[PDB]
Structures are given as C-alpha cells and as structure tokens.
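See below for the structure under consideration.
Just the heavy atoms: all of them, side chains too, but no hydrogens, waters or symmetry mates, feed the values below. Counting starts at 1 for both ligands and their atoms, following the listed order. Along the sequence shown, the residues carry numbers beginning at 1.
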Amino acid sequence: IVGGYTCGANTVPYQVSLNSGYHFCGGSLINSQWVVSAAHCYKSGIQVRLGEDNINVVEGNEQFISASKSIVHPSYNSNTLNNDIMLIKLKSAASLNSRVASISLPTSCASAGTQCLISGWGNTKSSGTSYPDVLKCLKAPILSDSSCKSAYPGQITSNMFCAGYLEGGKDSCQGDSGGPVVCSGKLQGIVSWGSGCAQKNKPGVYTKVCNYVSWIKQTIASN
Ligand SMILES: CC[C@H](C)[C@@H](c1cn(CCCCN)nn1)n1cc(COc2ccc(C(=N)N)cc2OC)nn1
Ligand SMILES: [Ca+2]
C-alpha cells in the first residue's frame with residue numbers, strides 16, 4: 001500500500017496474510033474455513049496467517065493454519081489476469097472472534113464512485129522497496145469504466161475494475177495481491193494488477209468479485 005495509513009491492530013479482521021516462508025500475498029476470510037485470494041497467488045504449501053497486525057512479531061491474536069485446498073478459477077489466464085481469483089480451504093477452521101471474522105460476499109455489483117477500503121502489507125513505495133511491519137489501509141473509490149479503459153487500453157475485461165486515484169500517489173502495490181477491496185461491508189474486489197504503483201493514470205486493477213458469487217458458493221459446497 002502506497003500513500004495509505006496504519007489500519008490499527010485487528011481493525012480489518014477479515015484480512016489474512018499468505019505466507020510461504022515470507023508474506024507474499026493477502027487474502028480475505030469469507031467463512032470459518034475458506035479464503036478468497038488471487039489466482040496468481042497460487043503456490044504449493046501456502047500457510048494462512050489470520051489475526052495479524054505486525055506480521056514480524058508474535059502478538060497473541062494470530063492464527064496459523066495450513067491451506068488444505070487451493071482452487072484456481074478454471075478460466076484463469078495468467079497472461080492477462082482475467083478471472084484472477086482463487087479459493088483456499090483451511091485445513092482446520094478459524095476461531096472467529098472480534099480479532100478474526102469473515103467478510104460478506106456481494107449481493108450485487110458495486111458501482112463507480114463507491115468508496116472502498118483496500119488493505120495489505122505490500123510495498124509502501126513507488127519506485128523502491130519498503131514493506132511494512134503493520135497492516136496498511138487505503139480509502140479509494142471505484143473509478144468509471146471509461147477511466148479504467150483509457151488508463152489501460154485493450155487490457156480491462158468485464159471481470160476487472162479500476163479503483164484508486166488517477167493522479168496517483170495512493171494505490172496498492174506488490175505484496176497486496178489477493179487482498180480485499182471492501183465497499184459498504186461487502187467484498188467487491190481482489191487486489192490484482194497495475195502498471196507500476198501509484199503512478200499517474202495507472203490505477204489499480206481489481207478482480208470483480210460480484211461476478212463470482214455463484215462460483216464461490218458451489219465450490220465451497222463441493223469441497
Ligand atoms: C506474485 C506475482 C508476481 C510474480 C509478483 C512480482 C514481483 N515482481 C518484481 C517487483 C520489483 C519491483 N518492486 N513482479 N511481479 N507480484 C505481482 C504483484 C502484484 O503487483 C501489483 C499489484 C497492484 C498494482 C497497482 N498499481 N495497484 C501494481 C502491481 O505491480 C505493478 N505482487 N507480487
Ligand atoms: Ca503478528
């Protein structure tokens with residue numbers, strides 16, 4: 001997260017960190033047993049870390065659970081990142097508390113101009129490398145399709161949307177991938193790609209979660 005702010009310990013209880021020796025992606029808890037993330041976060045042997053703030057200190061509220069299953073969307077394309085969505089089953093259930101709680105799936109798509117909360121432990125610098133101790137937060141609106149497609153000619157599909165700031169300065173970055181875009185208590189986006197970080201006329205692109213609510217539900221029911 002570039003140009004964001006410190007969320008505060010467990011103010012974002014559905015945020016998880018995906019760890020493979022190191023934090024490499026975020027994710028969202030949707031029930032006691034499942035995580036929504038980005039398909040391009042797939043790795044063998046992921047460990048899911050819930051209840052985290054300082055990801056570099058054992059602080060007491062953390063839960064550490066291995067991924068038992070890792071389901072990439074069957075139409076995912078890693079060249080274009082269309083259908084960039086993945087579901088992670090926890091080998092055991094998460095103990096839901098005030099520090100650790102799930103996020104609702106959308107009943108309907110959000111619309112351009114809606115304000116959202118983007119969070120994660122990714123890079124906090126444009127043109128550099130500086131990953132944070134504590135979870136970072138960003139307030140950011142869904143942008144219009146015409147803004148998105150003029151920012152990214154010939155690259156935006158019906159399963160993506162832009163959000164953030166055309167002026168730049170404030171954006172998600174490397175390390176936030178798979179992380180939540182929450183708008184009005186609903187999980188509407190997944191941190192996906194972007195051209196650089198926080199640069200002018202290069203907003204972030206996000207997986208349009210509302211297009212997948214039936215997939216998520218059937219997949220949870222079949223596994
Ligand atoms: C795990 C996939 C991939 C292998 C890996 C990765 C690491 N490097 C090298 C970095 C050196 C420069 N620091 N290249 N690809 N990766 C990609 C991402 C997502 O990246 C972005 C997300 C959002 C935005 C946004 N403007 N909103 C921008 C993003 O990047 C432009 N995170 N890790
Ligand atoms: Ca911790």
Assess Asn56: does it contribute an N, O or S atom lying under 3.0 Å from the Ca ion (ligand 2)?
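No.
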Check whether any N, O or S atom of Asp53, backbone or side chain, sits closer than 3.0 Å to the Ca ion (ligand 2).
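Of the N, O and S atoms in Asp53, none lies under 3.0 Å from the Ca ion (ligand 2), which means no.
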For ligand 1, which atoms, with element, lie under 4.0 Å from some heavy atom of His40?
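Listed by number with element, the hits are 1 (C), 2 (C).
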Taking only heavy atoms of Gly175 into account, list the atoms of ligand 1 that are under 4.0 Å away from them.
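Near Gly175, the atoms of ligand 1 are 32 (N).
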Anything under 30° is parallel, anything over 60° is perpendicular, the rest tilted; go ahead and classify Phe161 against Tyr206.
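Rings of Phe161 and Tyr206: tilted, as their planes differ by 30° to 60°.
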Ring-plane angle category for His23 and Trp121, please: parallel below 30°, perpendicular beyond 60°, tilted otherwise.
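Ring orientation of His23 relative to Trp121: perpendicular.
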Residue portion contacting ligand 1 (non-hydrogen atoms closer than 4.0 Å) for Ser177
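Looking at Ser177 and ligand 1, just side chain atoms fall under 4.0 Å.
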Under 4.0 Å from ligand 1, counting heavy atoms only, is it the side chain of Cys41, its backbone, both or neither?
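Contact part for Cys41 vs ligand 1: neither.
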Can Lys202 be said to sit on top of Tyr152's aromatic six-ring, NZ or CZ under 6.0 Å from centre and within 45° of the ring axis?
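Output yes; distance and angle both within limits.
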What angle, in degrees and rounded to 10°, do you get at the Ca ion (ligand 2) when you join it to O of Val57 and to OE1 of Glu52?
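Value, to the nearest 10 degrees: 140°.
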Indicate if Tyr14 and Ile1 have the same hydrophobic cluster label, given that clusters are the connected sets of ILVMFWY residues with side-chain heavy-atom separations under 4.5 angstrom.
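Looking at the clustering, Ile1 is in a separate group from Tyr14.
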I'd like the atom name of the N/O/S atom in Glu62 lying closest to the Ca ion (ligand 2).
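The nearest such atom is OE2.
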Tell me, which protein residue and heavy-atom name are nearest atom 25 (C) of ligand 1, and how many Å apart are they?
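Closest protein heavy atom to atom 25 (C) of ligand 1: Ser172 O, 3.1 Å.
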